[PDB]
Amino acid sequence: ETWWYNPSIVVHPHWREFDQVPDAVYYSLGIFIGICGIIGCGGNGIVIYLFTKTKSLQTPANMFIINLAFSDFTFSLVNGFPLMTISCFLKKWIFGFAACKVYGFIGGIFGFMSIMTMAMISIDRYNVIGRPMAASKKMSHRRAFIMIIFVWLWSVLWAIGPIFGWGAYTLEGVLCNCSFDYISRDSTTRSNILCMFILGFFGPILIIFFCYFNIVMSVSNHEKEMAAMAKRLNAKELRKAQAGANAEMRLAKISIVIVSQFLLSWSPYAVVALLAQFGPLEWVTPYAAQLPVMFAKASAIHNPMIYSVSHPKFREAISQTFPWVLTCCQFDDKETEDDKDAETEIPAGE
């Protein structure tokens, strides 16, 4: 009788008025997300493997990186193959409502986790680079551990609403993947959406900007300070300190690129969602929602590749364990120099 009917999940009327997209579109969608599964799990596994097992990458802050990779790993796993990919190739979600909920809930829980983890990373950056060199503070296992616990609690908190009725996780677009309900406009649903956007999204964003804008409005605070201590009879041993700042600065830069990646990846879909909940629902067509959600879903497969082209210690490790990966991005000793000096201690004024 219809092309959208699902015996397990009640498709919102809105998605029911559209014609069924062509086979080639379903197939491309499945192939697409399936490849995010491979790259995502592949790349994130490597970071988790390399970071937990390399000695040069054993600092507390790096735990955030690992946490982020676990987050992105699980997103790519659960959101790609086989729940969506298989659904596409059959032009239908055959895994039942429970799976849909788990799917949507997992997607949200780790989407909220990736930015909040980045937030914790932006904080570490502020303590090592944002504050003055005299008050510079490095991340400690204690702190770090407590921070991720906050991250996990936070992430689950703002994504579990629909699990208990305060919102919902159902099919969207071509009906082969799940997400929260941004169509229904009842008090309940709308409050959960507002909570997701404000608490889950805008929240960590503020922390981010407050930390990076704080690192920018301190580049000069540091610019002067560097000199004051420089001519402070500080010998050639001043170079050491300088290298350290460069090394840290580079990582801070990295942090920003992965954050930019996240935002550029999710903001579109976020917007289309808001239109569906506050604007012209007639705009939210099958592709209007689908295409932007795919872009969002792939977000979880970018950090590893970003790291592989700009992270020295990490690039080192790769060259030493899975060198084929760095083919087009060949590693060199000179990439780790700044880390060498930054750590090479001075023997009693040398």
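Numbering starts at 1 and follows the sequence shown.
Mean CA temperature factor is higher for 183 to 191 when stretches 82 to 90 and 183 to 191 are set side by side in the entry.
As the entry records it, the average C-alpha temperature factor is higher for 232 to 240, out of 159 to 167 and 232 to 240. Ranking 76, 246, 114, 265 by Cα temperature factor from the entry places 246 first. In this structure the maximum Cα B-factor among 323, 292, 45, 34 is found at 323.
Per the deposited record, the Cα B-factor of residue 303 falls in the lowest third when ranked against the other modelled residues of its chain. When all modelled residues of the chain are sorted by CA temperature factor, residue 24 is found within the middle third. Ranked by Cα temperature factor within the chain, residue 59 sits in the highest third according to the deposited record. Residue 283: CA B factor lies in the highest third for its chain, per the PDB record. Ranked against the other modelled residues of its chain, the C-alpha B-factor of residue 309 as given in the entry falls in the highest third.
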